[PDB]
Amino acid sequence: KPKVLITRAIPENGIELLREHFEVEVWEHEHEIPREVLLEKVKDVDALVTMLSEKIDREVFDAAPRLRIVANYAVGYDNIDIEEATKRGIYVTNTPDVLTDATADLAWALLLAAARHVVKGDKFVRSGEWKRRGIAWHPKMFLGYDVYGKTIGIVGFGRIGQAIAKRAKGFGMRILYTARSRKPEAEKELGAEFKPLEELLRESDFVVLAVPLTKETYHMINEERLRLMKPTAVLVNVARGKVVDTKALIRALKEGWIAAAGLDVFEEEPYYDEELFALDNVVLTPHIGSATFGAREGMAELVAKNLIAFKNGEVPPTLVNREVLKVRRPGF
């Protein structure tokens, strides 16, 4: 009976389903499994369920001679060395689709919060500042940015990006996108227009990032790109922190190159930066894009389905490295 290590307490639906087909060890602690502890525990396993926090690299593969499949509890897989996995006949799966709507909802929450000063406004009320000042209402108090009918620019036009666009249609927006290729069916269905990155940045009132982290997306939103954005524009990052040059973003926010930003993801996590966190025109969330009951349950069910399919000699439904099919047939 094959052994699986699950590196965090995922929802019980997934754990229980895996227990029917695997011997299951779960890392029970809130904190990330320590690196030395991971390398010790993988020695014996046939499968892994990993979080974005575990770096599944050559060193891990060398420590886990029986390892045949890694199911990421995440749609991103920048934490896994995919090419090295393929070379070794190791299957890698992810969790697309089940978290699309949670992440797109969160991107929209950030867009609107940053646009209309929701965080600063809440503190203004909650701290008693509103009351202490004695002024109920003023025609110039807390003026923010219109969203309805404006232009949204979506960087990355896959599952999450297109979901962000569906919501934008409810807001009557002009929709621009960039991607590695045109998406002509999505253009027709969503009314979206393909643009080079730099033209998108120049024309957009709202820029939302929904790309994977790759060599090519690393620091794509740098100083030069931030300078192209409108001074009234709002930037939202629900992708990966390293897509943005944080030092450049801090200058942009402080000096008024852009109006505001909503950030769910950071170059190091958990993140603290005194300079960024002092700014009224940033809205911050602790990497909670996929944090709904429904999404996290669906993720758990999907990691389980992938490992069970593999055990049954089937191609896992959300296999990422399809080239591995030529290296080794599925199964333990």
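The numbering used is simple: start at 1 and walk along the sequence shown.
Inset, instruction - Look up the CA B-factors in the entry and say which stretch, 83-91 or 124-132, has the higher mean. - result: Here the higher of the two C-alpha B-factor means belongs to 83-91.
Inset, instruction - Between 280-288 and 56-64, name whichever shows the higher mean Cα B factor according to the PDB entry. - result: Result: 56-64.
Inset, instruction - Identify, among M51, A300, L48, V265, the residue whose C-alpha carries the highest B-factor in the deposited PDB entry. - result: The C-alpha B-factor peaks, among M51, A300, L48, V265, at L48.
Inset, instruction - Taking the chain's C-alpha temperature factors as the reference, tell me which third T151 falls into: lowest, middle or highest. - result: Lowest third - that is where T151 ends up once the chain's C-alpha B-factors are sorted.
Legend entry - Third of the chain, ranked by Cα B-factor, where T178 sits: Within its chain, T178 is a lowest-third residue by C-alpha B-factor, going by the deposited values.
Inset, instruction - Would you mind checking where the Cα B-factor of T103 ranks among the modelled residues of its chain, as the lowest, middle or highest third? - result: According to the entry, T103 has a C-alpha B-factor in the chain's middle third.
Legend entry - For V119, the third of its chain into which the C-alpha B factor falls: CA B-factor rank for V119: lowest third.
Inset, instruction - Could you say whether, by C-alpha temperature factor, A259 belongs to the lowest, middle or highest third of its chain? - result: Lowest third.
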